[PDB]
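> Sending over target.txt (compact mmCIF, C-alpha atoms and all ligand atoms).
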# COMPACT_ATOMS: atom_id res chain seq x y z
CA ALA J 1 -54.00 32.09 24.82
CA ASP J 2 -55.67 28.69 25.08
CA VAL J 3 -57.03 29.77 28.47
CA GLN J 4 -58.31 32.97 26.85
CA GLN J 5 -60.00 31.04 24.06
CA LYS J 6 -61.64 28.73 26.59
CA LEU J 7 -62.94 31.64 28.69
CA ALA J 8 -64.31 33.36 25.59
CA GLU J 9 -66.03 30.12 24.55
CA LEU J 10 -67.50 29.73 28.04
CA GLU J 11 -68.78 33.30 27.97
CA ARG J 12 -70.35 32.82 24.55
CA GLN J 13 -72.10 29.61 25.60
CA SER J 14 -73.34 31.21 28.83
CA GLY J 15 -75.12 34.06 27.06
CA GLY J 16 -73.88 36.61 29.60
CA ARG J 17 -70.87 38.71 30.55
CA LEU J 18 -68.03 36.98 32.43
CA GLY J 19 -65.24 38.63 34.43
CA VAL J 20 -62.29 36.66 35.79
CA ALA J 21 -59.13 37.53 37.66
CA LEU J 22 -56.77 34.82 38.95
CA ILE J 23 -53.63 35.77 40.89
CA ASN J 24 -51.16 32.89 41.22
CA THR J 25 -48.79 33.68 44.09
CA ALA J 26 -46.42 30.88 43.00
CA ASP J 27 -45.00 33.13 40.25
CA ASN J 28 -46.84 36.45 40.72
CA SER J 29 -48.80 35.89 37.52
CA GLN J 30 -52.38 36.71 36.57
CA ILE J 31 -55.07 35.42 34.24
CA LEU J 32 -57.53 38.19 33.33
CA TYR J 33 -60.80 38.26 31.36
CA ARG J 34 -62.81 41.50 31.30
CA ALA J 35 -60.84 42.17 34.46
CA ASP J 36 -61.16 45.96 34.20
CA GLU J 37 -64.91 45.99 33.53
CA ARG J 38 -67.37 46.73 36.30
CA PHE J 39 -69.77 44.12 37.68
CA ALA J 40 -72.36 44.38 40.44
CA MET J 41 -70.74 42.79 43.49
CA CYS J 42 -73.94 41.71 45.24
CA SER J 43 -73.07 39.76 48.40
CA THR J 44 -69.36 39.57 47.54
CA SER J 45 -69.28 43.11 48.97
CA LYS J 46 -69.82 41.57 52.43
CA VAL J 47 -66.09 40.78 52.55
CA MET J 48 -65.21 44.48 52.41
CA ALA J 49 -67.79 45.35 55.10
CA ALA J 50 -66.53 42.64 57.46
CA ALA J 51 -62.94 43.69 56.78
CA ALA J 52 -63.80 47.32 57.63
CA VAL J 53 -65.17 46.17 61.00
CA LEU J 54 -62.06 44.03 61.57
CA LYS J 55 -59.85 47.05 60.80
CA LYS J 56 -61.87 49.18 63.23
CA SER J 57 -61.40 46.48 65.90
CA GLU J 58 -57.61 46.84 65.74
CA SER J 59 -57.95 50.06 67.74
CA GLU J 60 -61.12 49.11 69.67
CA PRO J 61 -60.46 45.76 71.38
CA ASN J 62 -64.02 45.22 72.68
CA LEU J 63 -65.55 45.92 69.29
CA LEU J 64 -66.28 42.39 68.10
CA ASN J 65 -68.09 41.70 71.39
CA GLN J 66 -70.33 44.77 71.07
CA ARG J 67 -74.02 43.85 71.07
CA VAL J 68 -76.39 44.96 68.30
CA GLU J 69 -80.19 44.81 68.65
CA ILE J 70 -82.08 42.82 66.01
CA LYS J 71 -85.64 44.12 65.51
CA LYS J 72 -88.49 43.15 63.22
CA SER J 73 -87.87 46.47 61.46
CA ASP J 74 -84.35 45.26 60.58
CA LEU J 75 -85.55 42.30 58.55
CA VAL J 76 -84.96 42.51 54.82
CA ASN J 77 -85.26 39.90 52.04
CA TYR J 78 -82.79 37.21 53.16
CA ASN J 79 -82.29 36.85 56.91
CA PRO J 80 -81.35 33.18 57.57
CA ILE J 81 -79.53 33.92 60.84
CA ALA J 82 -80.98 37.26 61.94
CA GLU J 83 -84.57 35.96 61.79
CA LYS J 84 -83.64 33.62 64.68
CA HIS J 85 -82.48 36.53 66.88
CA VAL J 86 -85.33 39.04 66.55
CA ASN J 87 -85.81 40.95 69.83
CA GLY J 88 -82.39 39.92 71.12
CA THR J 89 -78.87 41.10 70.31
CA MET J 90 -76.03 39.65 68.27
CA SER J 91 -72.37 40.57 68.63
CA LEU J 92 -70.47 42.19 65.78
CA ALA J 93 -68.44 38.95 65.54
CA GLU J 94 -71.66 36.95 65.14
CA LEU J 95 -72.96 39.42 62.56
CA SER J 96 -69.69 39.21 60.63
CA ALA J 97 -69.87 35.41 60.63
CA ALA J 98 -73.52 35.45 59.58
CA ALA J 99 -72.85 37.88 56.73
CA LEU J 100 -69.85 35.93 55.47
CA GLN J 101 -70.93 32.34 56.04
CA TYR J 102 -74.69 32.50 55.41
CA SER J 103 -74.86 35.72 53.35
CA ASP J 104 -77.29 37.18 55.89
CA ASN J 105 -78.47 40.62 54.72
CA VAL J 106 -79.48 41.99 58.14
CA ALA J 107 -75.97 41.16 59.28
CA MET J 108 -74.51 43.07 56.32
CA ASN J 109 -76.70 46.08 57.10
CA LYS J 110 -75.46 46.08 60.70
CA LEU J 111 -71.83 45.96 59.56
CA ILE J 112 -72.49 48.82 57.12
CA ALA J 113 -74.25 50.91 59.75
CA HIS J 114 -71.61 50.31 62.39
CA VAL J 115 -68.76 51.70 60.29
CA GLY J 116 -70.78 54.68 59.08
CA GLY J 117 -72.58 53.55 55.93
CA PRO J 118 -71.75 52.61 52.35
CA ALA J 119 -69.50 55.64 51.86
CA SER J 120 -67.44 54.57 54.87
CA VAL J 121 -67.01 51.03 53.53
CA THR J 122 -65.91 52.65 50.26
CA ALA J 123 -63.48 54.97 52.09
CA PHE J 124 -61.96 51.90 53.76
CA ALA J 125 -61.40 50.32 50.35
CA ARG J 126 -59.67 53.53 49.24
CA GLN J 127 -57.44 53.47 52.32
CA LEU J 128 -56.27 50.00 51.25
CA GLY J 129 -55.37 51.26 47.76
CA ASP J 130 -58.52 50.00 45.98
CA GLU J 131 -59.75 52.93 43.93
CA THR J 132 -62.32 50.84 41.98
CA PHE J 133 -64.64 49.34 44.62
CA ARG J 134 -67.79 51.31 45.31
CA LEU J 135 -70.52 50.42 47.77
CA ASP J 136 -73.41 52.82 47.14
CA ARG J 137 -76.44 51.24 48.82
CA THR J 138 -77.54 49.07 51.74
CA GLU J 139 -79.33 45.72 51.59
CA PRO J 140 -81.43 44.76 49.76
CA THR J 141 -81.22 47.41 47.03
CA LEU J 142 -77.47 47.03 46.41
CA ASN J 143 -78.22 43.85 44.39
CA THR J 144 -80.33 45.30 41.55
CA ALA J 145 -77.38 44.75 39.13
CA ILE J 146 -78.93 46.81 36.31
CA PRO J 147 -76.77 46.74 33.14
CA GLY J 148 -74.88 50.00 32.71
CA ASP J 149 -75.35 50.99 36.36
CA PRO J 150 -72.03 51.57 38.19
CA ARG J 151 -73.59 51.50 41.66
CA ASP J 152 -72.28 48.77 43.98
CA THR J 153 -69.70 47.54 41.47
CA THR J 154 -66.04 46.68 41.23
CA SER J 155 -63.76 45.07 38.68
CA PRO J 156 -62.35 41.52 38.85
CA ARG J 157 -58.78 42.85 38.87
CA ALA J 158 -59.44 45.24 41.75
CA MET J 159 -61.32 42.71 43.85
CA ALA J 160 -58.68 40.02 43.32
CA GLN J 161 -55.88 42.41 44.29
CA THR J 162 -57.81 43.60 47.32
CA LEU J 163 -58.77 40.09 48.41
CA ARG J 164 -55.08 39.14 48.12
CA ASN J 165 -54.22 42.04 50.42
CA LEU J 166 -56.95 41.14 52.93
CA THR J 167 -56.34 37.38 53.14
CA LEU J 168 -52.64 36.89 52.26
CA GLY J 169 -51.21 40.39 52.65
CA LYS J 170 -51.01 42.93 55.43
CA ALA J 171 -54.19 45.01 55.13
CA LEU J 172 -55.31 43.64 58.50
CA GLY J 173 -53.38 42.78 61.65
CA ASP J 174 -52.44 39.15 62.09
CA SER J 175 -55.36 38.34 64.42
CA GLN J 176 -57.84 40.11 62.15
CA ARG J 177 -56.49 38.57 58.94
CA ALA J 178 -56.69 35.11 60.50
CA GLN J 179 -60.26 35.82 61.59
CA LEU J 180 -61.31 36.86 58.09
CA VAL J 181 -59.73 33.75 56.59
CA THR J 182 -61.31 31.52 59.22
CA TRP J 183 -64.72 33.03 58.52
CA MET J 184 -64.35 32.63 54.74
CA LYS J 185 -63.11 29.03 55.08
CA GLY J 186 -66.30 28.31 57.03
CA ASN J 187 -68.60 29.69 54.32
CA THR J 188 -71.64 27.47 53.76
CA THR J 189 -72.86 28.99 50.45
CA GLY J 190 -70.03 28.38 47.97
CA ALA J 191 -69.86 24.65 47.23
CA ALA J 192 -71.51 25.01 43.78
CA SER J 193 -69.36 27.97 42.64
CA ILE J 194 -65.54 28.22 42.50
CA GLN J 195 -65.20 25.14 44.75
CA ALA J 196 -67.12 23.06 42.19
CA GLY J 197 -64.40 23.69 39.59
CA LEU J 198 -61.44 22.71 41.79
CA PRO J 199 -60.17 19.34 43.05
CA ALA J 200 -61.85 18.13 46.22
CA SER J 201 -58.56 18.25 48.15
CA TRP J 202 -58.04 21.99 47.70
CA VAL J 203 -58.93 24.31 50.58
CA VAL J 204 -61.12 27.32 49.78
CA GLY J 205 -62.32 30.40 51.60
CA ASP J 206 -64.89 32.17 49.46
CA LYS J 207 -67.80 34.59 49.43
CA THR J 208 -70.59 34.20 46.88
CA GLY J 209 -72.98 36.76 45.47
CA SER J 210 -76.24 36.67 43.59
CA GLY J 211 -78.58 39.38 42.43
CA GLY J 212 -80.72 40.80 39.67
CA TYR J 213 -80.05 40.03 36.03
CA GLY J 214 -78.98 36.53 37.02
CA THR J 215 -75.84 37.95 38.57
CA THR J 216 -73.77 35.08 39.99
CA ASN J 217 -70.42 35.83 41.63
CA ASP J 218 -67.75 34.28 43.83
CA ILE J 219 -64.45 35.53 45.26
CA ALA J 220 -61.99 33.10 46.81
CA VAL J 221 -58.65 32.48 48.43
CA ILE J 222 -57.46 28.99 47.49
CA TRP J 223 -54.79 26.72 48.97
CA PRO J 224 -54.12 24.05 46.35
CA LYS J 225 -52.51 20.87 47.56
CA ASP J 226 -48.76 21.50 48.03
CA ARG J 227 -48.84 24.80 46.11
CA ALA J 228 -48.66 28.50 46.83
CA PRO J 229 -52.08 30.09 47.28
CA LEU J 230 -54.27 31.55 44.57
CA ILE J 231 -56.81 34.36 44.57
CA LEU J 232 -59.72 33.98 42.16
CA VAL J 233 -62.61 36.31 41.32
CA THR J 234 -65.37 35.07 39.00
CA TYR J 235 -68.17 37.55 38.23
CA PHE J 236 -71.05 36.83 35.89
CA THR J 237 -74.18 38.71 34.84
CA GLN J 238 -76.89 38.20 32.27
CA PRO J 239 -79.09 40.21 29.90
CA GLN J 240 -82.54 39.34 31.31
CA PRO J 241 -83.81 40.92 34.54
CA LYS J 242 -85.22 37.60 35.82
CA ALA J 243 -82.41 35.35 34.59
CA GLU J 244 -81.67 32.40 36.85
CA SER J 245 -78.39 31.90 38.66
CA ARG J 246 -75.51 30.22 36.82
CA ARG J 247 -73.11 28.93 39.47
CA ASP J 248 -71.98 26.32 36.92
CA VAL J 249 -70.42 29.13 34.86
CA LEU J 250 -68.25 30.12 37.83
CA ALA J 251 -67.23 26.50 38.38
CA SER J 252 -66.33 26.17 34.70
CA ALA J 253 -64.26 29.36 34.78
CA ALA J 254 -62.41 28.14 37.88
CA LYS J 255 -61.60 24.83 36.18
CA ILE J 256 -60.37 26.59 33.03
CA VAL J 257 -57.98 28.93 34.85
CA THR J 258 -56.55 26.29 37.22
CA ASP J 259 -56.12 23.44 34.72
CA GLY J 260 -52.44 22.46 34.80
CA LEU J 261 -51.95 23.41 38.44
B1 LIG X 1 -76.10 38.03 48.37
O1 LIG X 1 -75.72 38.23 46.93
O2 LIG X 1 -75.99 36.57 48.71
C1 LIG X 1 -77.29 35.98 49.01
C2 LIG X 1 -78.29 37.08 48.86
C3 LIG X 1 -77.66 38.29 48.52
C4 LIG X 1 -78.49 39.39 48.27
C5 LIG X 1 -79.86 39.29 48.36
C6 LIG X 1 -80.46 38.10 48.71
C7 LIG X 1 -79.67 36.99 48.96
CL CL X 2 -61.11 15.74 42.78
NA NA X 3 -62.75 45.75 44.72
NA NA X 4 -66.56 28.43 46.09
Now that the file is in, can you turn its structure into structure tokens?

Amino acid sequence: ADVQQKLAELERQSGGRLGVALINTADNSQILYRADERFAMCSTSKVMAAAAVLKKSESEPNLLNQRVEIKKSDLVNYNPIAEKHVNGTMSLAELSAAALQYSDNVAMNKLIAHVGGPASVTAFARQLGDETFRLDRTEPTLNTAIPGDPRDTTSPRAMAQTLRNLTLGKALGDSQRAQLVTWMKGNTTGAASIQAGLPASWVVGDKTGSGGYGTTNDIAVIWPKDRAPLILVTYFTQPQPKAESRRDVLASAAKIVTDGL
């Protein structure tokens, strides 16, 4: 109740629309705020694409070593790793790491293409029991985040439950689960988001997202000091098409829902 009042106050001050889902595995409890509303995932969808590749690799052992050509024609709007590999190849493992740890959009497109496209990533989500996630488009258009548009959205509740399954549950084989967690723990883009609202000693694997309408997102698995793990999704979007990012709102939400732990 106090947590709910604090999240509502944060949302009001922010000017936008805030979605939160915390799962606390210590007691199997949740804290939810707009957790059944849809939000544009933006780059947080890269977790599902990498997980789909990891699942495929369980029955294709050479898969992560498979080479993928990077061409000038593959470049999109944000290519921090891929732009260094034009005219060479990258492995699917390298593309997964680049997508998850640098939010590289060429890398995401290669993961999407490899598994068969956005509808295949979506079908993988369905196979896991997530009937909310939808990936409609490739990069860069999947980030438009237009209000009222259900494309490329999920809900905080669904993403938290699915991220729990992927990182702490049994969606993936042990090797593949460990690889996903290792990749997320090595993310370079999340220090101002959920991490900024947690004590410095806590260990975080997260994936951020940003897009149109000032959309600012983060999804995380969290190992608090001497506590059972948490899963936290913080999604945020704003009324103005050119609104600036608000990572501070995600940090504030993370602090609110973990205060007392
Ligand atoms: B994703 O939300 O993370 C960084 C980025 C994304 C999409 C488009 C451009 C950059
Ligand atoms: Cl601290
Ligand atoms: Na989801
Ligand atoms: Na973070």
> Which is closest to residue 136 of chain J among J:107, J:42, J:3, J:31, if we use all atoms listed in the file?
J:42
> Please tabulate, as a tab-separated table, the residues of chain J that come within 10 Å of ligand CL 2 (chain X), each with its closest pair of atoms and the distance in Å to one decimal, counting all atoms listed in the file and ordering rows by chain, then residue number upward.

residue	atom	partner	partner_atom	distance
J:196	CA	X:CL2	CL	9.5
J:197	CA	X:CL2	CL	9.2
J:198	CA	X:CL2	CL	7.0
J:199	CA	X:CL2	CL	3.7
J:200	CA	X:CL2	CL	4.3
J:201	CA	X:CL2	CL	6.5
J:202	CA	X:CL2	CL	8.5
> How about saving the chosen residues, C-alpha atoms kept, as a compact mmCIF listing (two decimals), in the coordinates of the input?

# COMPACT_ATOMS: atom_id res chain seq x y z
CA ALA J 196 -67.12 23.06 42.19
CA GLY J 197 -64.40 23.69 39.59
CA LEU J 198 -61.44 22.71 41.79
CA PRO J 199 -60.17 19.34 43.05
CA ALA J 200 -61.85 18.13 46.22
CA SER J 201 -58.56 18.25 48.15
CA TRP J 202 -58.04 21.99 47.70
> Using only C-alpha atoms and all ligand atoms for the distances, tell me which of J:45, J:105, J:210, J:167 is nearest to ligand NA 3 (chain X).
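Looking only at the distances to ligand NA 3 (chain X), the closest residue turns out to be J:45.
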> Using all atoms listed in the file, which residues of chain J come within 8 Å of ligand LIG 1 (chain X), and what is the closest atom pair for each, with the distance in Å to one decimal? Give it as a Markdown table, sorted by chain and residue number.

| residue | atom | partner | partner_atom | distance |
| --- | --- | --- | --- | --- |
| J:41 | CA | X:LIG1 | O1 | 7.6 |
| J:42 | CA | X:LIG1 | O1 | 4.3 |
| J:43 | CA | X:LIG1 | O1 | 3.4 |
| J:44 | CA | X:LIG1 | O1 | 6.5 |
| J:77 | CA | X:LIG1 | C6 | 6.1 |
| J:78 | CA | X:LIG1 | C6 | 5.1 |
| J:102 | CA | X:LIG1 | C1 | 7.7 |
| J:103 | CA | X:LIG1 | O2 | 4.9 |
| J:104 | CA | X:LIG1 | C1 | 7.0 |
| J:105 | CA | X:LIG1 | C4 | 6.6 |
| J:139 | CA | X:LIG1 | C4 | 7.2 |
| J:140 | CA | X:LIG1 | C5 | 5.9 |
| J:142 | CA | X:LIG1 | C4 | 7.9 |
| J:143 | CA | X:LIG1 | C4 | 5.9 |
| J:208 | CA | X:LIG1 | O2 | 6.2 |
| J:209 | CA | X:LIG1 | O1 | 3.4 |
| J:210 | CA | X:LIG1 | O1 | 3.7 |
| J:211 | CA | X:LIG1 | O1 | 5.5 |
| J:216 | CA | X:LIG1 | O1 | 7.9 |
| J:217 | CA | X:LIG1 | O1 | 7.9 |
> Of the candidates J:5, J:15, J:25, J:57, which shows the shortest atom-to-atom distance to residue 227 of chain J, using only C-alpha atoms?
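For residue 227 of chain J, the nearest of the given residues is J:25.
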> Between J:19, J:126, J:9, J:179, single out the one closest to residue 64 of chain J, counting only C-alpha atoms.
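That would be J:179, the residue with the smallest distance to residue 64 of chain J.
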> Let me see if you get this right: every residue at most 7 Å from ligand NA 3 (chain X), counting all atoms listed in the file, written as a PDB file with C-alpha atoms, in the frame of the given file.

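Everything below was put into part.pdb:
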ATOM      1  CA  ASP J 130     -58.520  50.000  45.980  1.00  0.00           C
ATOM      2  CA  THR J 132     -62.320  50.840  41.980  1.00  0.00           C
ATOM      3  CA  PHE J 133     -64.640  49.340  44.620  1.00  0.00           C
ATOM      4  CA  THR J 154     -66.040  46.680  41.230  1.00  0.00           C
ATOM      5  CA  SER J 155     -63.760  45.070  38.680  1.00  0.00           C
ATOM      6  CA  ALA J 158     -59.440  45.240  41.750  1.00  0.00           C
ATOM      7  CA  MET J 159     -61.320  42.710  43.850  1.00  0.00           C
ATOM      8  CA  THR J 162     -57.810  43.600  47.320  1.00  0.00           C
TER       9      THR J 162
END
> What does the list of residues within 12 Å of ligand NA 4 (chain X) look like if you count all atoms listed in the file, written as a ChimeraX atom specification?
/J:44,101,184-200,202-209,216-222,231-234,247-255
> List every protein, DNA or RNA residue that has at least one atom no more than 7 Å from (-52.4, 31.7, 45.2) in the file's coordinates, counting only C-alpha atoms, and write the result as a count of residues only.
10
> Taking only C-alpha atoms into account, name the residue in J:224, J:238, J:97, J:172 that is nearest to residue 17 of chain J.
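Smallest separation from residue 17 of chain J among the options: J:238.
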> Is it possible to get the residues within 10 Å of (-64.9, 52.9, 51.6) (coordinates as in the file, counting all atoms listed in the file) written as a PyMOL selection string?
chain J and resi 48-49+52+115-128+130-131+133-136
> Please measure the separation of atom CA of residue 156 of chain J and atom CA of residue 168 of chain J, giving the value in Å to one decimal.
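Here the two named atoms are 17.2 Å from each other.
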> Could you list, as JSON, numbers by chain, every residue within 8 Å of residue 87 of chain J, counting only C-alpha atoms and ignoring same-chain residues fewer than 2 positions away?
{"J": [69, 70, 71, 72, 85, 89]}
> So how far away is atom CA of residue 93 of chain J from atom CA of residue 75 of chain J, in Å?
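Value for the atom CA of residue 75 of chain J-atom CA of residue 93 of chain J distance: 18.8 Å.
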> Between atom CA of residue 4 of chain J and atom CA of residue 258 of chain J, measure the distance and give it in Å to one decimal.
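Interatomic distance here is 12.5 Å.
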> Determine the nearest neighbour of residue 180 of chain J from the options J:149, J:99, J:32, J:38, counting all atoms listed in the file.
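Among J:149, J:99, J:32, J:38, it is J:99 that comes nearest to residue 180 of chain J.
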